[PDB]
């Protein structure tokens, strides 16, 4: 009865709207940065001003997407979302964000979590529910009402440069289960949740932020793999689905002349009526809100005009155009007017029937009602909301949950002869080796805390940051002088130099530092009989670059420690495991291809060791 009433209420509201108001609802810009009158370049928008408010009033957007620039502090964020809602003249805004967890988070003081592939490694679907719930509680306190999560892309291409650890797994069922539970956790907190990126960005070797990716698989494979987690979550009540700016010729082989070079390009799914209306809306029965991935991404913007992209997306059946134009000052505000006018022209000619617009706006209003955005529910003063949010966002209970999840997710891939845990005698020298200073800092800070809390004996620490470096005699000397060595490896696409199965360690410049340098540290450590552990920091495929190692773990998240804050929990969790102060329970959620024996799997999906026992979980 409540669903029936909601549909009627949405129809009645939309029937009273002007076309300008309806088209406004279908736009969701960002105002990441803004250049006020008198300023010389755009700056992070952390506080509302009357210029941005005037555009909200004028164009009556349906929502705003927030980025990290906009949500640096809990206090400022509550003030900003209250001020955005104050600016919205008739209908409360969807205020959205990419708070995925792990390597994609935005909240400056929020709980980061270890991320989706870490959740895959930990396996249990309630962990995903907990993650969604806590993220949802934090967003709700901040006045953010929509989360563009979960990613239910299946990372079956290890070379994928944009998904990677943002995916739960290369396995469809594990991805589907964890996606469903993330979604339910968010929805339970009255946060609208979007599945991303339909119809599946997991197989791409190109990042849609930089170019237009192609997925060439046939329909049978796409239905069996890519579509599977979307279908399960749609059936279970997904609120929103975000598109992928990716070509799928098996679904739609329509071509367009590219604005970039005049060539025929296959249509991106975002602009495909066959994919968004034929497949998503009709075949798969999704009646919720379809939102584009950001339209400024080069997969779209290199190839289609700004107005054209929005019109084509709506023609394809999307309900919301995300980031349709970047307006960073009042002097550029006509970019919005031009998008609206292009949509009006399409409605006037009948290319987009006005009834299609009404149906889309009804979906948006219905979601706003369903998730308690409209009517607005919270009568607390801003000061009251701020005080409440500061006790919730990044709370100690949330940090405790984060720590437990990150520690569970750690995956031990090798531990020969009880190399781990390290049990250093007092005065031991620990050498900490990682690509970037924030990463060595995170390892250092975690060890410092272990000493302070008397969990390990006092040891001395030194750091070696190796990004863009060549391994030199000075580095070998540090290895020789160390008693224990912890090295972090960082890869997106794993691309060691390999010839006939032999990884090339003869490279003597810095051109391949991500593989050459940590292998050189490993070689020196083994030659000098030093306890050595390799921690894989981002994509776990770099484990195949260290077969010679006696100890190897994967943590699925690379962000370090900066300005007194851990940017992710994954490195600390791995360091805790190394020193016997946490219990890894992770098993691989992806296969790790061999590098030395091409075509073979080095570590299979499901593999992980008990750190104490050295045997499989």
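Residue numbers count along the first chain shown, from 1.
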Legend entry - Stretch exceeding the other in mean C-alpha B-factor - 329-337, 272-280: 329-337
Inset, instruction - Determine, for stretches 474-482 and 313-321, which one has the higher mean CA B-factor as deposited. - result: 474-482
Inset, instruction - Can you pull the Cα B-factors for 106, 196, 418, 184 from the entry and say which is highest? - result: 418
Inset, instruction - Return the residue from 586, 569, 38, 63 that has the highest Cα B-factor in the entry. - result: 38
Inset, instruction - Could you tell me which third, lowest, middle or highest, the C-alpha B-factor of residue 168 occupies within its chain? - result: lowest
Inset, instruction - Sort the modelled residues of this chain by their C-alpha B factor and say whether residue 365 lands in the lowest, middle or highest third. - result: lowest
Legend entry - CA B-factor placement of residue 386, once the chain's modelled residues are sorted into thirds: highest
Legend entry - Chain-relative CA temperature factor third for residue 240: lowest
Inset, instruction - Please place residue 551 in the lowest, middle or highest third of its chain by C-alpha B factor as given in the entry. - result: middle
